[PDB]
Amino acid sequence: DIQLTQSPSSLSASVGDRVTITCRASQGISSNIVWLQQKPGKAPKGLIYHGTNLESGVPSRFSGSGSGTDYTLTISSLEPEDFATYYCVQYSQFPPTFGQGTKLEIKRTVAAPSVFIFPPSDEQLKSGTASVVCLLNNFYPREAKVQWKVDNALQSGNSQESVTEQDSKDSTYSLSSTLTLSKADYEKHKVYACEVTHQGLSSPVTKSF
C-alpha cells in the first residue's frame, strides 16, 4: 500500500488567512490525488481531483498542486465554512489509500480551563462500581493533561477521557475524564485529586474532595 502522510496533523488559523496543507506519498503517484473535506457528523465531499482540478460547486479559494510524491492543497483566504478536516486520497495504485487527515481549527486567545470535580452520587455505590468525574471547562488550545491521584498515588489504566468539538461561541473546548472503580477498591480513600496541566495555567491546578 502507498502510504500517504499529511502535514500538519492539526492547524489553527483565522478567517482571511492563506492556509496550506500538504501530502507526501511514499512513491510517485502521477497526480492521481483527491482532496476531501469532512465536517464532523457529516460525509466527505470531494474538493479537488487529479491534483489540480476543482469539483463543481467548490469555491475558488481552494486549489491543489504538486507532482511526484508531494502535493499541497491551498486555501487562499479562509472562510468560516472552511474549518473542517481534510484528507488526501491516492488512486495511482491498488488499493486506494487515505491520509490520516489534517484538522483545520479556529485560532483564539488561549484562556485557561475552569476545573470541577464530582464524587460519586450515593445511589451508584449501592451497586458494584464507583464513578468519579473530573471536568475541565472552556479552554484553548486543545492540549491538556489530566492526572488523577488517590491518596496522592498516581493511578493508571482505569480512566476514560472525552473532549467536545470547538464551541460555536467560545471556540474553546471542554473535557470529561472519568475514573471508575468498584465500591470496595474505592474506599481507601477520600483524598481524591484531579491534577490538570495546561498552557494557560502557571501551575498544575488540582481539585480534590
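The numbering used is simple: start at 1 and walk along the sequence shown.
Annotation for 121-129 versus 85-93: the higher mean temperature factor (C-alpha) is found in 121-129.
Once the C-alpha B-factors are averaged per stretch, 132-140 and 100-108 rank with 132-140 first. Comparing C-alpha B-factors across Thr180, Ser56, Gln37, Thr69 in the deposited entry, the largest value falls on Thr180. In this entry, the residue among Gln155, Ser174, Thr52, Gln27 with the greatest C-alpha B factor is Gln155.
Remark: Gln199 belongs to the highest third of its chain, ranked by C-alpha B-factor as recorded. Ranked by C-alpha B-factor against the other modelled residues of its chain, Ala184 falls in the highest third. Split the chain's modelled residues into thirds by C-alpha temperature factor. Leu11 is in the middle one.
Ranked by Cα temperature factor within the chain, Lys149 sits in the highest third according to the deposited record.
Per the PDB record, residue ranking by Cα B-factor puts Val191 in the highest third of the chain.
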